[PDB]
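Novice: whatever this is, show me its structure:
(one chain, ligands or ions: 1)
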Amino acid sequence: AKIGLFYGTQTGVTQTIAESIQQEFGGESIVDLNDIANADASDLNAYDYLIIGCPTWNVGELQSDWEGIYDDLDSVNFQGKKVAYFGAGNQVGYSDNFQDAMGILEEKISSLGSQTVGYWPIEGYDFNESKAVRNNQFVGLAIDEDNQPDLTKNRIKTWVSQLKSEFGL
Ligand SMILES: Cc1cc2nc3c(=O)[nH]c(=O)nc-3n(C[C@H](O)[C@H](O)[C@H](O)COP(=O)(O)O)c2cc1C
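Specialist: Residues are numbered from 1 along each chain as shown. Sure, structure below:
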């Protein structure tokens, strides 16, 4: 497919979100779904458009599978690639580290020459700090199934609609 979606998940939430994103884009013919646990860093090179999904764990940490491939990311040349991000988190329980993983990954990948697309508004959430915020906007879609599951569906539909324009679809 033209879009490669790479996600990591601990309790399956991020995978379900990934599956809904693939669905909103039009299915397997448009988006390839890849679990980062089964991938090599070089797999990210095959796509000009990428969607990176990662839940924040252990108070501001990357999900373990993303943690394991993190240092390998340097071997991939992201110059020219457009990358979008999404993450699952808990704003009430982890108010000072809400969606940190998404921010850690965005900082890393953009420093490697990629272009970040898919900025999201922070107003629909209540948290103190997040490494995923730059100039009052989230660098990607923030999902909270723990406290705002009723908003997930429309958040995905709205974000994908916005992303289609960026990806030339
Ligand atoms: C031990 C533990 C630590 C967590 N730490 C954070 C955190 O630092 N920041 C955050 O936003 N959410 C945090 N969460 C919430 C998770 O990211 C959230 O439950 C998410 O849905 C998990 O997704 P997964 O099923 O894809 O792994 C934590 C959850 C648990 C159980």
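
Novice: mind naming the longest strand for this structure?
Specialist: Criterion DSSP state E: the longest strand present in the chain is strand 82-88.

Novice: give the pairing partners of it; include direction for each.
Specialist: Here strand 82-88 is paired, per DSSP bridges, with strand 49-53 (parallel), strand 115-116 (parallel), strand 141-143 (parallel).

Novice: beyond the longest one, next helix or strand please.
Specialist: Next in sequence after strand 49-53, counting helices and strands by DSSP states H and E, comes strand 56-57.

Novice: by contact count, what packs against that next one?
Specialist: In terms of contacts (3 or more CB pairs under 8 Å, 6 or more residues apart in numbering; DSSP states H and E), strand 56-57 is packed against helix 100-111. For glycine as for every other residue, the C-beta is placed from the backbone atoms N, C-alpha and C.

Novice: off-centre distance for the helix it packs on?
Specialist: Centroid separation for helix 100-111 versus its chain: 9 Å, with CA atoms, centre = their mean, to the nearest Å.

Novice: near the ligand, which residues of this protein show up?
Specialist: Contact residues, the chain versus the ligand (CB under 6 Å from any ligand atom): 9-14, 55-60, 63, 88-90, 94, 97-100, 145-146.

Novice: need the winner for burial among the strands paired with strand 82-88.
Specialist: Most buried of the strands paired with strand 82-88, by mean neighbour count (mean count of other CB atoms under 10 Å): strand 141-143, with a mean of 27.

Novice: give the buried subset of the residues of the chain next to the ligand as a PyMOL selection command.
Specialist: A single PyMOL command selects the buried members of those (16 or more other CB atoms under 10 Å):
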select buried, resi 9+13+14+55+56+57+60+63+88+89+90+94+97+98+99+100+145
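
Novice: what are the boundaries of the helices in this protein?
Specialist: All helices of the chain, identified by DSSP state H, fall at 13-25, 64-69, 100-111, 149-166.
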